[PDB]
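Below you'll find the structure, written out as structure tokens, and then a few comments.
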2 protein chains.
Amino acid sequence: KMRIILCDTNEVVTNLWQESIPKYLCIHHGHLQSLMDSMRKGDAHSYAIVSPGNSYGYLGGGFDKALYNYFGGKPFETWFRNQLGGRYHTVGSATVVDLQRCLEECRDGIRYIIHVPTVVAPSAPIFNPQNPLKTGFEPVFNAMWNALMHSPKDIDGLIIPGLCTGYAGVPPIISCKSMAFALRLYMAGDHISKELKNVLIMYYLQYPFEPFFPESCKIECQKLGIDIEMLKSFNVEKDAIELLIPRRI
Amino acid sequence: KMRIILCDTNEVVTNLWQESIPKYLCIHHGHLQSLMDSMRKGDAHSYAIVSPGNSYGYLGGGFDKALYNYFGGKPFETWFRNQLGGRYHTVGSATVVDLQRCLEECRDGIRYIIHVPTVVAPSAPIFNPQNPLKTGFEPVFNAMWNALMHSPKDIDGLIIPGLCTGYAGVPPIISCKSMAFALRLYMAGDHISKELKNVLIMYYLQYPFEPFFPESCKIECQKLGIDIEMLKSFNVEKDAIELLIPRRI
Ligand SMILES: Nc1ncnc2c1ncn2[C@@H]1O[C@H](COP(=O)(O)OP(=O)(O)O)[C@@H](O)[C@H]1O
Ligand SMILES: Nc1ncnc2c1ncn2[C@@H]1O[C@H](COP(=O)(O)OP(=O)(O)O)[C@@H](O)[C@H]1O
Ligand SMILES: [Cl-]
Ligand SMILES: [Cl-]
Ligand code: NA
Ligand code: NA
Ligand code: NA
Ligand code: NA
């Protein structure tokens, strides 16, 4: 029902998205502005856009800079930061800013900005090749999951750029995989129980804790064609997400 | 106005708390149950208790086990997890569960449980001595900050145990320092602007990004007696938090 639009200027990110994502989803290789421009030929809708930002709400670089220029510049940023409460927001959290209040600076059909802090500050990248899981796969999954979970149920579409693939420094090959997995779970809709999706996330992130894998979910894996053994040994570095969520689902 | 009660069975944690925290704050060395017992001699109040849990809401170990036994066991946990929405909650987020709904399992004077995921699952510790900042100081600060920020404004007191100092594996010496810093900011009340507190957090976490340090905050540092140079080189491993928030404030 909700159209997901992945947008990025980096070809590496868009190509990987195409290669890993099975209408309800669109991929735009280019600037946010070019997407918004062509977004006026089909309408003659309400959207939310994901902001991979910092813990303080400043919109001075990367994707956020696009938003900065598009919505009003400095005065907008000042307004934006105050909507966020003006204080430190932790990475792993998400806050929705409703632009509807633009009626005392409105723009296009975007009513919401889903602010997801991906870095405390852009003083350095978050990624460390020594642990691509803790500084790559996990943080990216968390940002995508939070973006999807916080998306207002009333919007027509959701605009999302590569997460942590810019100033955060996470390789596209890692980020795109976590983004794809989060999307695949979302796309599965109610075809997979909330609890089983929990388990898939737990093993995808490599936290094999049996106590959190109920028998009912094992029964569900059997019914859905999800190999429990491959699940229990899932290696995000080498295994295809198709093993956790078979395309048939 | 709000009484903060730090509670833990580990003497190392309580001693460090005493040594690092300047009535409005109480420290209980012992089990949560012993605290709740003695919490009946002064009343003849509404509280919130912080749960350093997992991303799935299970209450099977550590402090959470105390809550599990105290509030009703398995049936309570089942109810609790559903109040949390029944799905994966990211580390770096916090969700408040209102026990008031216990009137169709109520207990003492605790009305809220502030659930703060400190681990995805207790399959292993989050701490890594190779980077005590990314896996220790930062996650602990984030949990304390989220606990304080999400504490309902209507409660009389807030019960908080050591964060990430159990199954998470963070050394008490690291966790207690981040807990103390978060408390010191909270205790400073309006004596320090929201923006300056942001900057102190930014440097405490070691993200020296000048663009996020406004001139107005520098002026404030000067007025408050906060050495801007020591601030800009703050080393959470060696520097005292008293340098960021002078006790005079
Ligand atoms: N104007 C833009 N339009 C579309 N995509 C952009 C634009 N600017 C940056 N991006 C892309 O957005 C992604 C994330 O960027 P960034 O803002 O730096 O966030 P993060 O700090 O999480 O990495 C990158 O893949 C980058 O190529
Ligand atoms: N019953 C209890 N009463 C008071 N403190 C407790 C109790 N059980 C555990 N703790 C303390 O709570 C802290 C955090 O415990 P834990 O639940 O394992 O969370 P985390 O996974 O974040 O480390 C530890 O310092 C531990 O000693
Ligand atoms: Cl743009
Ligand atoms: Cl106890
Ligand atoms: Na960012
Ligand atoms: Na950005
Ligand atoms: Na925990
Ligand atoms: Na616990």
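All Cβ positions, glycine included, derive from the backbone under ideal geometry; neighbour counts span all protein chains shown. Values in this text are rule-based calculations from the coordinates and carry no lab data.
Amide H contacts for B:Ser51 (H built 1.01 Å from N in the peptide plane; partners 5 or more residues away or on another chain; cut-off under 5 Å): B:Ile114, B:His115, B:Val116. The rotation axis taking chain A to chain B passes closest to the C-beta of one chain A residue; that residue and the distance in whole Å read A:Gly92, 1.
Which trypsin sites (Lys or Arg not before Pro) in the stretch A:145-249 pass both tests, a DSSP loop state and at most 16 other beta-carbon atoms within 10 Å? Working shown, then result.
Details: sites: A:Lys153, A:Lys177, A:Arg184, A:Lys194, A:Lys197, A:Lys218, A:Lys223, A:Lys232, A:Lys238, A:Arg247, A:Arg248; in loops: A:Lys153, A:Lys238, A:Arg247, A:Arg248.
When the trypsin sites (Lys or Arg not before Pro) of the stretch A:145-249 are filtered for loop state and at most 16 Cβ neighbours within 10 Å, A:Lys153, A:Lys238, A:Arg247, A:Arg248 remain.
Cross-link partners of B:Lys134 among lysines, defined as those whose alpha carbon lies under 18 angstrom from its own and excluding same-chain residues fewer than eight positions apart: A:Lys134, B:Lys177, B:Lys238. Scanning residues 5 or more positions from B:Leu6 or on other chains, those with amide H under 5 Å from its amide H are B:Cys26, B:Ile27, B:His28, B:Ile160, with H placed 1.01 Å from N in the peptide plane. Radius of gyration over Kirkwood radius for the protein assembly as shown, both on Cα atoms: the Rg/Rh ratio is 0.96. Normalised Debye scattering of the stretch B:185-231 at q = 0.14, 0.16 Å⁻¹ gives log10 I(q)/I(0) of -0.29, -0.38, counting only Cα atoms as equal scatterers and leaving out solvent. Take A:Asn131, move 7 Å from Cα toward the beta carbon, and the resulting point lies 0.7 nm from the same point in each other copy, nearest first. Here the mean projected area of the convex hull built on the C-alpha positions of chain A is 13.9 nm².
Taking every alpha-carbon pair within the stretch A:140-249, the share separated by more than 23 Å comes to 30 percent.
Listed as lacking a disulfide-compatible partner in chain B: B:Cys7, B:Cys26, B:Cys164, B:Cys176, B:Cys217, B:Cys221, by the criterion of no other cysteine Cβ under 4.7 Å. Each copy carries B:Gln18; placing its label point 7 Å along the C-beta direction from Cα gives inter-copy distances of 6.6 nm, listed from smallest up.
Run the reach check for B:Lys232 against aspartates and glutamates, Cα to Cα strictly under 20 Å, same-chain hits fewer than 8 apart removed. What comes back? Partners within reach: B:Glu138, B:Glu195, B:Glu210, B:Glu215, B:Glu220, B:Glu242. Inter-part distance, the stretch A:24-100 to the stretch A:176-208, computed on C-alpha centroids, equals 26 Å. Each principal axis of the Cα atoms in the stretch A:48-112 has its own extent, and those three values, largest first, are 29, 22, 20 angstrom. Per the Debye formula on identical point scatterers at the alpha carbon atoms of the stretch A:14-55, with no solvent, log10 I(q)/I(0) at q = 0.17, 0.21, 0.23 Å⁻¹ is -0.68, -0.97, -1.08.
Each copy carries a label point for B:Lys41 at 7 Å from Cα toward Cβ; from one copy, the others' points are 7.8 nm away, ordered from shortest.
For the stretch B:22-131, the Kirkwood hydrodynamic radius from C-alpha pairs, put into Stokes-Einstein at 20 °C and a viscosity of 1.002 mPa s, yields a diffusion coefficient of 141 µm² per second.
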